[PDB]
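Participant: Dropping in work.txt, which is compact mmCIF, C-alpha atoms:
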```
# COMPACT_ATOMS: atom_id res chain seq x y z
CA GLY A 1 83.30 85.36 84.81
CA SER A 2 86.63 86.36 86.40
CA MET A 3 87.90 89.93 86.93
CA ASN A 4 91.01 91.99 86.02
CA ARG A 5 91.40 95.72 86.83
CA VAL A 6 94.89 96.30 85.29
CA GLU A 7 93.42 96.57 81.75
CA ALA A 8 90.61 98.83 83.07
CA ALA A 9 92.89 101.18 85.08
CA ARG A 10 95.40 101.60 82.22
CA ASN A 11 92.53 101.87 79.70
CA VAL A 12 94.80 101.04 76.75
CA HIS A 13 93.54 102.06 73.31
CA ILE A 14 95.22 101.41 69.94
CA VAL A 15 94.31 103.07 66.62
CA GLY A 16 95.97 103.57 63.18
CA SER A 17 98.83 101.63 61.55
CA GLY A 18 102.50 101.73 60.43
CA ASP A 19 106.08 100.49 61.03
CA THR A 20 106.59 102.93 63.93
CA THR A 21 104.41 103.15 67.04
CA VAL A 22 103.75 106.47 68.80
CA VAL A 23 102.94 106.20 72.54
CA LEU A 24 100.97 109.06 74.20
CA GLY A 25 101.05 109.73 77.98
CA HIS A 26 99.38 112.54 79.97
CA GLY A 27 99.68 114.77 83.05
CA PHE A 28 97.88 115.32 86.37
CA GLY A 29 94.11 115.85 86.51
CA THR A 30 93.40 114.86 82.89
CA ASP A 31 93.18 111.70 80.74
CA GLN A 32 93.93 110.41 77.19
CA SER A 33 91.16 112.66 75.76
CA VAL A 34 93.68 115.55 76.12
CA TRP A 35 95.25 114.25 72.85
CA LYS A 36 91.98 114.60 70.81
CA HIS A 37 93.40 117.29 68.47
CA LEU A 38 96.62 115.27 67.89
CA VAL A 39 95.47 111.68 67.21
CA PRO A 40 93.55 112.31 63.91
CA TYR A 41 96.79 113.60 62.30
CA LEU A 42 98.99 110.59 63.32
CA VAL A 43 96.83 107.61 62.23
CA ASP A 44 97.62 107.56 58.47
CA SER A 45 101.37 107.07 59.08
CA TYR A 46 101.56 105.66 62.65
CA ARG A 47 100.10 103.11 65.02
CA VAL A 48 99.08 105.09 68.12
CA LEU A 49 98.93 103.70 71.67
CA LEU A 50 97.11 105.70 74.37
CA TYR A 51 96.96 104.95 78.11
CA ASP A 52 95.82 106.39 81.47
CA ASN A 53 97.75 107.36 84.63
CA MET A 54 97.94 109.62 87.76
CA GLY A 55 94.62 108.47 89.27
CA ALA A 56 92.52 109.22 86.15
CA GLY A 57 88.97 107.81 86.17
CA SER A 58 88.76 107.08 89.90
CA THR A 59 84.95 107.06 90.29
CA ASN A 60 84.14 103.80 88.44
CA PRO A 61 82.68 100.29 89.11
CA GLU A 62 86.22 98.79 89.36
CA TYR A 63 89.13 101.14 90.19
CA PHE A 64 91.35 100.24 93.17
CA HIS A 65 94.35 102.56 93.63
CA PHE A 66 97.44 100.31 93.73
CA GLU A 67 100.62 100.89 95.77
CA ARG A 68 102.90 101.23 92.67
CA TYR A 69 101.14 104.57 92.06
CA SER A 70 102.70 106.14 95.22
CA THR A 71 105.80 107.20 93.21
CA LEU A 72 106.75 108.19 89.65
CA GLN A 73 109.23 105.28 89.51
CA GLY A 74 106.28 102.83 89.66
CA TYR A 75 104.46 104.56 86.78
CA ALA A 76 107.71 104.31 84.77
CA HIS A 77 107.90 100.58 85.57
CA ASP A 78 104.24 100.13 84.56
CA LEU A 79 105.01 101.90 81.24
CA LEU A 80 107.78 99.33 80.51
CA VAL A 81 105.27 96.51 81.16
CA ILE A 82 102.79 98.07 78.68
CA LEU A 83 105.55 98.28 76.03
CA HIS A 84 106.46 94.60 76.58
CA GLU A 85 102.86 93.29 76.62
CA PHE A 86 102.10 94.97 73.24
CA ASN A 87 105.52 93.94 71.78
CA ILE A 88 106.84 97.43 70.93
CA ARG A 89 110.35 97.30 69.39
CA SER A 90 111.14 100.98 68.88
CA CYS A 91 108.76 103.85 69.74
CA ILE A 92 108.26 107.61 69.61
CA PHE A 93 107.13 108.51 73.14
CA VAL A 94 105.19 111.77 73.64
CA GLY A 95 104.79 112.77 77.32
CA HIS A 96 102.78 115.68 78.74
CA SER A 97 103.87 117.20 82.07
CA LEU A 98 105.29 114.56 84.50
CA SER A 99 104.60 111.63 82.11
CA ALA A 100 107.50 113.14 80.14
CA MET A 101 109.72 112.34 83.13
CA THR A 102 108.29 108.82 83.58
CA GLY A 103 109.18 108.20 79.91
CA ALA A 104 112.67 109.61 80.51
CA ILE A 105 113.17 107.25 83.49
CA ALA A 106 112.01 104.21 81.45
CA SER A 107 114.37 105.10 78.54
CA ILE A 108 117.37 104.88 80.91
CA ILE A 109 116.35 101.26 81.64
CA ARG A 110 115.43 100.26 78.04
CA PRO A 111 116.88 102.81 75.57
CA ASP A 112 116.47 100.24 72.73
CA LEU A 113 112.65 100.54 73.01
CA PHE A 114 112.77 104.35 72.43
CA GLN A 115 113.61 105.96 69.11
CA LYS A 116 113.04 109.40 70.71
CA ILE A 117 111.20 111.33 73.45
CA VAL A 118 108.96 114.38 72.90
CA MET A 119 108.42 116.38 76.11
CA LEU A 120 105.51 118.85 76.46
CA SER A 121 105.08 121.26 79.41
CA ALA A 122 107.58 119.09 81.33
CA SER A 123 109.47 119.77 84.57
CA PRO A 124 111.92 117.74 86.70
CA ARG A 125 110.91 119.65 89.90
CA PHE A 126 108.23 122.27 90.76
CA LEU A 127 109.59 123.53 94.13
CA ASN A 128 112.43 126.10 94.39
CA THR A 129 115.91 125.99 95.89
CA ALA A 130 118.45 128.82 96.39
CA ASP A 131 120.11 127.87 93.08
CA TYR A 132 117.24 126.18 91.12
CA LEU A 133 114.06 127.96 89.91
CA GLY A 134 111.23 125.41 89.89
CA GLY A 135 108.56 128.14 89.98
CA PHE A 136 106.96 127.48 93.40
CA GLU A 137 107.87 128.60 96.94
CA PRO A 138 106.45 126.51 99.87
CA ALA A 139 103.62 129.04 100.50
CA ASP A 140 102.28 128.60 96.94
CA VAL A 141 102.29 124.80 97.22
CA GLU A 142 100.41 124.68 100.55
CA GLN A 143 97.92 127.38 99.43
CA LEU A 144 96.82 125.16 96.51
CA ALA A 145 96.87 122.04 98.72
CA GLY A 146 94.68 123.51 101.50
CA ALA A 147 91.48 123.85 99.44
CA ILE A 148 91.50 120.36 97.81
CA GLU A 149 89.55 118.31 100.42
CA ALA A 150 87.62 121.20 102.10
CA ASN A 151 85.62 121.23 98.87
CA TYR A 152 86.65 119.42 95.68
CA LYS A 153 83.61 121.01 93.94
CA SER A 154 84.96 124.58 94.39
CA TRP A 155 88.69 123.71 94.12
CA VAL A 156 88.34 122.31 90.57
CA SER A 157 86.46 125.41 89.30
CA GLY A 158 89.24 127.65 90.77
CA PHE A 159 92.22 125.39 89.92
CA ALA A 160 91.17 124.47 86.35
CA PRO A 161 91.22 128.03 84.89
CA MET A 162 94.48 128.80 86.76
CA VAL A 163 96.43 125.89 85.16
CA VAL A 164 94.99 126.11 81.61
CA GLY A 165 95.07 129.95 81.40
CA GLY A 166 92.93 132.42 79.42
CA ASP A 167 89.18 132.88 79.97
CA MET A 168 87.04 130.34 81.86
CA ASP A 169 84.35 130.14 79.11
CA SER A 170 86.54 128.05 76.74
CA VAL A 171 85.95 124.33 76.15
CA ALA A 172 89.58 123.62 77.19
CA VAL A 173 88.99 124.88 80.77
CA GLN A 174 85.65 123.00 80.95
CA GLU A 175 87.15 119.75 79.56
CA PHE A 176 89.90 119.88 82.25
CA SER A 177 87.25 120.38 84.97
CA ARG A 178 85.28 117.41 83.54
CA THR A 179 88.36 115.14 83.77
CA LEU A 180 89.17 116.54 87.24
CA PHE A 181 85.61 115.66 88.38
CA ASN A 182 86.13 111.99 87.35
CA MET A 183 88.78 111.80 90.12
CA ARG A 184 87.98 111.33 93.82
CA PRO A 185 89.00 113.89 96.49
CA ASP A 186 91.30 111.51 98.44
CA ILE A 187 93.09 110.04 95.36
CA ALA A 188 93.73 113.50 93.86
CA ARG A 189 95.30 114.62 97.19
CA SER A 190 97.84 111.75 97.45
CA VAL A 191 98.67 112.24 93.75
CA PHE A 192 99.01 116.03 94.29
CA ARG A 193 101.52 115.41 97.10
CA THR A 194 103.57 113.12 94.83
CA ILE A 195 103.64 115.76 92.05
CA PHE A 196 104.98 118.61 94.20
CA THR A 197 107.38 116.48 96.31
CA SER A 198 108.98 114.92 93.17
CA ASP A 199 112.61 115.62 92.21
CA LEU A 200 114.00 113.90 89.10
CA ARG A 201 116.92 116.22 88.25
CA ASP A 202 119.66 113.60 88.94
CA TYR A 203 118.24 111.20 86.32
CA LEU A 204 118.63 113.64 83.40
CA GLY A 205 122.37 113.04 82.83
CA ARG A 206 121.67 109.32 82.30
CA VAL A 207 119.18 109.93 79.42
CA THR A 208 120.83 109.05 76.07
CA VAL A 209 117.94 108.94 73.54
CA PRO A 210 117.13 112.14 71.57
CA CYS A 211 114.71 114.55 73.37
CA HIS A 212 112.54 117.29 71.86
CA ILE A 213 111.52 119.77 74.60
CA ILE A 214 108.39 121.87 74.04
CA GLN A 215 106.46 124.32 76.27
CA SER A 216 104.34 127.47 76.51
CA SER A 217 106.19 130.78 77.10
CA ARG A 218 103.67 131.67 79.85
CA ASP A 219 103.09 128.56 81.97
CA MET A 220 102.20 129.11 85.65
CA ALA A 221 103.51 125.61 86.48
CA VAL A 222 106.72 125.83 84.36
CA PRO A 223 109.08 128.86 84.10
CA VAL A 224 110.62 129.23 80.60
CA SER A 225 114.14 128.60 81.99
CA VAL A 226 113.15 124.94 82.81
CA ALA A 227 113.24 123.90 79.11
CA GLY A 228 116.84 125.17 78.90
CA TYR A 229 117.69 123.37 82.18
CA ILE A 230 116.56 119.98 80.78
CA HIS A 231 118.32 120.71 77.46
CA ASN A 232 121.69 121.34 79.17
CA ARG A 233 121.42 118.32 81.52
CA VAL A 234 120.24 115.43 79.26
CA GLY A 235 123.03 113.01 78.24
CA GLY A 236 122.15 112.54 74.54
CA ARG A 237 121.19 114.92 71.73
CA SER A 238 118.36 117.42 72.31
CA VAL A 239 116.51 120.49 71.00
CA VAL A 240 114.27 123.20 72.54
CA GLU A 241 111.20 125.03 71.24
CA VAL A 242 109.38 127.58 73.37
CA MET A 243 105.99 128.19 71.74
CA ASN A 244 104.48 131.67 71.99
CA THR A 245 101.38 130.41 73.84
CA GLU A 246 99.80 130.44 77.31
CA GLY A 247 98.81 127.49 79.52
CA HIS A 248 99.98 124.15 80.90
CA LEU A 249 97.75 122.16 78.45
CA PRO A 250 98.34 123.89 75.07
CA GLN A 251 97.36 120.75 73.06
CA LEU A 252 93.80 121.29 74.38
CA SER A 253 93.73 125.12 74.69
CA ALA A 254 95.86 126.32 71.71
CA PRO A 255 95.85 123.42 69.15
CA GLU A 256 96.24 125.80 66.16
CA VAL A 257 99.76 126.55 67.52
CA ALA A 258 100.60 123.41 69.55
CA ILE A 259 99.66 120.56 67.17
CA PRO A 260 101.85 121.66 64.19
CA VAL A 261 104.87 121.99 66.55
CA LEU A 262 104.25 118.48 67.92
CA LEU A 263 103.93 117.00 64.41
CA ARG A 264 107.26 118.55 63.27
CA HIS A 265 109.19 117.09 66.20
CA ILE A 266 107.48 113.66 65.93
CA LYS A 267 108.13 113.33 62.17
CA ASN A 268 111.67 114.78 61.82
CA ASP A 269 115.00 113.88 63.46
CA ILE A 270 117.15 116.62 65.04
CA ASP A 271 118.19 118.87 62.09
```
Do you think you could lay out the structure here as structure tokens?
Facilitator:
Amino acid sequence: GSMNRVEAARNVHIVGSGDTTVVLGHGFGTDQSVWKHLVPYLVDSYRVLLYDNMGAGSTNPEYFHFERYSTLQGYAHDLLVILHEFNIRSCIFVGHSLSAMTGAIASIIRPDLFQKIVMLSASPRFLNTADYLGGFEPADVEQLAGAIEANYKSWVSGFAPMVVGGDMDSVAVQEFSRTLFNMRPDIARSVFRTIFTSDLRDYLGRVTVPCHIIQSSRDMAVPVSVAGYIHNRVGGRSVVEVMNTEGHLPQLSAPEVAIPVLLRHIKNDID
């Protein structure tokens, strides 16, 4: 029989039912399993579409890293293809980390396909300027970069607790290491470079669909002022909620706080 890796790389899964579809995208170093504490609460009222991105599940029988994955613009394009191929008419897009920005970029092109956007732990740019506080100076970025290919075994066990926060013993920190270990060393490096070189701040003014902007109050990757930045720069209506939590992946590490906030913003329009 013939072969096709585009279904396998995207790894599209659909579950539940309803008039509205909710699409779930994820951030660097993880996969669609990050939404495990969210999905059970959506299925009664919504059809839920999950997908994979940012080099997730590299070590497999058939995973070639395509050239559209060199930039975030290509991921955004690939998202629009997914929406067309499953005939989505209007959708509630929920994006974690930089998949929030890929969703934002796609909504500029086809705002009719998006009812709203829900951003979680999102940032338009990680690196600092004189005027803009991304959260990282060049030293910080290269420090993290340096250890990635020297040993991927030791980098993951040091990086994973740093991003997620709290103690290392938790299942959240272990789950993130597990998904990190599915990636290859070389693919994670090229993806890492794309993350920290990315700058999407100019796009924000073009976004016209409603955005709900959610994050942890102590995120090592995202200063609290970044939620306000996005809020002031988006072109349509928007709202901000800083949760009183720690970590870049609060849906996995603090579900008791994160999940109810996500459900409110998904189910209700901007009141």
Participant: From the set A:88, A:156, A:24, A:222, which residue has the shortest atom-to-atom contact distance to residue A:247, counting only C-alpha atoms?
Facilitator: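 Closest residue, counting only C-alpha atoms: A:222.
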Participant: Take the point (104.5, 102.4, 87.0) as written in the file and pick out every residue within 10 Å of it, counting only C-alpha atoms; give the list as a VMD selection string.
Facilitator: chain A and resid 53 to 54 66 to 82 102 106
Participant: Applying 12 Å and all atoms listed in the file, which residues near residue A:151 remain after dropping the ones on its own chain fewer than 4 positions away? List them as a list in words.
Facilitator: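 Close residues of residue A:151: residues 145, 146, 147, 155, 156, 157, 158, 159, 181, 184, 185, 186 and 189 of chain A.
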Participant: To one decimal place in Å, what is the distance between atom CA of residue A:174 and atom CA of residue A:137?
Facilitator: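 Distance between the two atoms: 27.9 Å.
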Participant: Please compute the atom CA of residue A:180-atom CA of residue A:30 distance, one decimal, in Å.
Facilitator: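 Calculated distance between atom CA of residue A:180 and atom CA of residue A:30 is 6.3 Å.
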Participant: Closest to residue A:133 among A:228, A:5, A:41, A:13, using only C-alpha atoms?
Facilitator: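 Checking each candidate against residue A:133, we get A:228 as the closest.
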Participant: Work out how far apart atom CA of residue A:175 and atom CA of residue A:40 are and give it in Å to one decimal.
Facilitator: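 Rounded to one decimal, the two atoms are 18.5 Å apart.
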Participant: Please determine, counting only C-alpha atoms, which residue among A:128, A:115, A:251, A:58 has the shortest atom-to-atom distance to residue A:226.
Facilitator: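 Result for the nearest residue to residue A:226: A:128.
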Participant: So which residues touch stretch 193-204 of chain A within 7 Å, counting only C-alpha atoms, skipping near sequence neighbours fewer than 4 positions away, as a VMD selection string?
Facilitator: chain A and resid 71 124 to 127 189 233 to 235
Participant: Which of these, A:209, A:34, A:257, A:91, has the shortest distance to residue A:178 once you count all atoms listed in the file?
Facilitator: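 Among the listed residues, the smallest separation from residue A:178 belongs to A:34.
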Participant: Which of these, A:153, A:144, A:103, A:120, has the shortest distance to residue A:258 once you count all atoms listed in the file?
Facilitator: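 Using all atoms listed in the file, residue A:258 sits closest to A:120.
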Participant: With a distance cut-off of 7 Å and all atoms listed in the file, select the neighbouring residues of residue A:116, excluding the residue or stretch itself and same-chain residues fewer than 6 positions from it, and output the selection as a PDB file with C-alpha atoms, in the frame of the given file.
Facilitator:
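Writing done, so here's selection.pdb:
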```pdb
ATOM      1  CA  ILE A  92     108.260 107.610  69.610  1.00  0.00           C
ATOM      2  CA  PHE A  93     107.130 108.510  73.140  1.00  0.00           C
ATOM      3  CA  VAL A 209     117.940 108.940  73.540  1.00  0.00           C
ATOM      4  CA  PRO A 210     117.130 112.140  71.570  1.00  0.00           C
ATOM      5  CA  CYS A 211     114.710 114.550  73.370  1.00  0.00           C
TER       6      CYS A 211
END
```
Participant: Rank A:221, A:83, A:183, A:48 by their smallest atom-to-atom distance to residue A:31, using all atoms listed in the file, and report the top residue only.
Facilitator: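 With all atoms listed in the file as the atom set, the closest residue is A:183.
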Participant: Skip residue A:89 itself and residues of its chain fewer than 2 positions away, then list as an MDAnalysis selection string all residues within 9 Å of it, counting only C-alpha atoms.
Facilitator: chainID A and resid 20:21 83:84 87 91 112:114
Participant: Which residues come within 12 Å of residue A:264, counting all atoms listed in the file, excluding same-chain residues fewer than 3 positions away, as a list in words?
Facilitator: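 In the requested format, the answer is residues 41, 42, 118, 212, 214, 241, 257, 258, 259, 260, 261, 267, 268, 269, 270 and 271 of chain A.
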Participant: Can you save stretch 135-149 of chain A of the given block to a file, including N, CA, C and O atoms and formatted as a short mmCIF file (atom, residue, chain, number, x, y, z; two decimals), in the first residue's frame?
Facilitator:
```cif
data_model
loop_
_atom_site.label_atom_id
_atom_site.label_comp_id
_atom_site.auth_asym_id
_atom_site.auth_seq_id
_atom_site.Cartn_x
_atom_site.Cartn_y
_atom_site.Cartn_z
N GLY A 135 11.44 39.40 28.34
CA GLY A 135 11.81 38.55 29.48
C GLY A 135 13.20 37.93 29.41
O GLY A 135 13.69 37.42 30.42
N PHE A 136 13.83 37.96 28.24
CA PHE A 136 15.14 37.33 28.01
C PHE A 136 16.13 38.34 27.44
O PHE A 136 15.80 39.08 26.51
N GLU A 137 17.33 38.38 28.02
CA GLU A 137 18.49 39.06 27.43
C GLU A 137 19.28 37.99 26.65
O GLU A 137 19.10 36.80 26.92
N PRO A 138 20.14 38.41 25.69
CA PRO A 138 20.88 37.46 24.84
C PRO A 138 21.66 36.36 25.58
O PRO A 138 21.74 35.23 25.09
N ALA A 139 22.24 36.70 26.73
CA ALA A 139 22.97 35.75 27.59
C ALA A 139 22.10 34.56 28.02
O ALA A 139 22.53 33.41 27.93
N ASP A 140 20.88 34.87 28.47
CA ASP A 140 19.91 33.85 28.89
C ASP A 140 19.59 32.89 27.76
O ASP A 140 19.56 31.67 27.96
N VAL A 141 19.37 33.44 26.56
CA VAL A 141 18.97 32.63 25.40
C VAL A 141 20.08 31.65 25.02
O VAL A 141 19.80 30.47 24.82
N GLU A 142 21.31 32.15 24.93
CA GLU A 142 22.45 31.31 24.53
C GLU A 142 22.87 30.30 25.60
O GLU A 142 23.36 29.21 25.27
N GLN A 143 22.67 30.65 26.87
CA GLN A 143 22.91 29.74 28.00
C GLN A 143 22.06 28.47 27.87
O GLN A 143 22.57 27.35 27.97
N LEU A 144 20.76 28.66 27.63
CA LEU A 144 19.81 27.55 27.42
C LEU A 144 20.13 26.76 26.15
O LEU A 144 20.04 25.53 26.13
N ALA A 145 20.49 27.48 25.08
CA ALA A 145 20.84 26.87 23.79
C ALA A 145 22.05 25.94 23.88
O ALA A 145 22.02 24.84 23.35
N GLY A 146 23.11 26.41 24.56
CA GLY A 146 24.40 25.72 24.62
C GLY A 146 24.37 24.25 25.03
O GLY A 146 25.13 23.45 24.49
N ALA A 147 23.49 23.91 25.97
CA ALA A 147 23.43 22.56 26.54
C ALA A 147 22.54 21.55 25.78
O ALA A 147 22.47 20.38 26.18
N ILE A 148 21.88 21.98 24.70
CA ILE A 148 20.84 21.18 24.05
C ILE A 148 21.36 19.96 23.27
O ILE A 148 20.76 18.88 23.33
N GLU A 149 22.47 20.13 22.55
CA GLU A 149 23.08 19.04 21.75
C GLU A 149 24.32 18.40 22.38
O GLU A 149 24.75 17.33 21.94
#
```
